[PDB]
Amino acid sequence: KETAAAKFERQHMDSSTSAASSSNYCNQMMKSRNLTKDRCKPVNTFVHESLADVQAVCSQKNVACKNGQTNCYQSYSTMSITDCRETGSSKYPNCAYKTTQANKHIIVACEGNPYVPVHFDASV
């Protein structure tokens, strides 16, 4: 089984690019990160910063999670991100995604030792 930390990396990390590359970025990324294998993941955010920068967020602003948990942290700075969301014209196995690039603060849930991101809560 994939560790929570490894799953967060695979689902939300994209350091190789500075910002969403084209309107087809999400269709390409969702498929290659294996998020459309048995079903189209409806929503997924990729962060375009170094893994180190994202992991560092676990030591930044402690805030509540949407679920009420208190192990969430908001990045002090905005980060380049891309939100990928299924378009009404999407249907497995033919997943289709809208690509929305933005620069915002990310909020992640952290856990373990090392204390690293295990869930992407939201972006501001």
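Just so you know, the numbers here start at 1 and follow the chain as drawn.
This deposition comes from X-ray crystallography, 1.4 Å.
Even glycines carry a Cβ here, placed using N, Cα and C.
Copied from Swiss-Prot, the annotated features are:
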type     : residues                                   : note
ACT_SITE : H12                                        : active site, proton acceptor
ACT_SITE : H119                                       : active site, proton donor
BINDING  : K7, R10, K41, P42, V43, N44, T45, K66, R85 : substrate binding site
DISULFID : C26-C84                                    : disulfide bond
DISULFID : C40-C95                                    : disulfide bond
DISULFID : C58-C110                                   : disulfide bond
DISULFID : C65-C72                                    : disulfide bond
CARBOHYD : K1                                         : glycation site
CARBOHYD : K7                                         : glycation site
CARBOHYD : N34                                        : N-linked glycosylation site
CARBOHYD : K37                                        : glycation site
CARBOHYD : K41                                        : glycation site
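Within 10 Å (C-alpha to C-alpha) of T45 (substrate binding site) lie the following disulfide-bonded residues from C58, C84, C110: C84. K1 (glycation site) sits 19 Å from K41 (substrate binding site), taking the CA atoms of both as reference points. Around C110 (disulfide bond), the C-beta neighbours below 8 angstroms that are at least 6 residues distant in the chain are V57, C58, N71, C72, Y73, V116, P117, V118. Neighbour density for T45 (substrate binding site): within 10 A of its CB lie 20 other CB atoms from the protein chains shown. The distance from the Cα of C26 (disulfide bond) to the Cα of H119 (active site, proton donor) comes to 19 Å. Pairwise Cα distances among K7, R10, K41, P42, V43, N44, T45, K66, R85, which the record gives as the binders of substrate, peak at 22 Å.
Look at the Cβ of each of the recorded positions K7, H119 and count the other Cβ atoms within 10 Å; the largest number goes with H119. Reduced to three states, the DSSP call for the residue listed as 'N-linked glycosylation site' is coil. Separating the Cα atoms of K7 (substrate binding site) and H119 (active site, proton donor) is a whole-number distance of 9 Å. If you measure from the Cα atom of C40 (disulfide bond) to that of the residue listed as 'active site, proton acceptor', you get 15 Å. According to DSSP, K1 (glycation site) sits in a coil region rather than a helix or strand. Over all protein chains present, the Cβ of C65 (disulfide bond) has 16 other Cβ atoms lying within 10 Å.
Comparing Cβ neighbour counts within 10 Å across the recorded positions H12, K37, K41, the minimum falls on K37.
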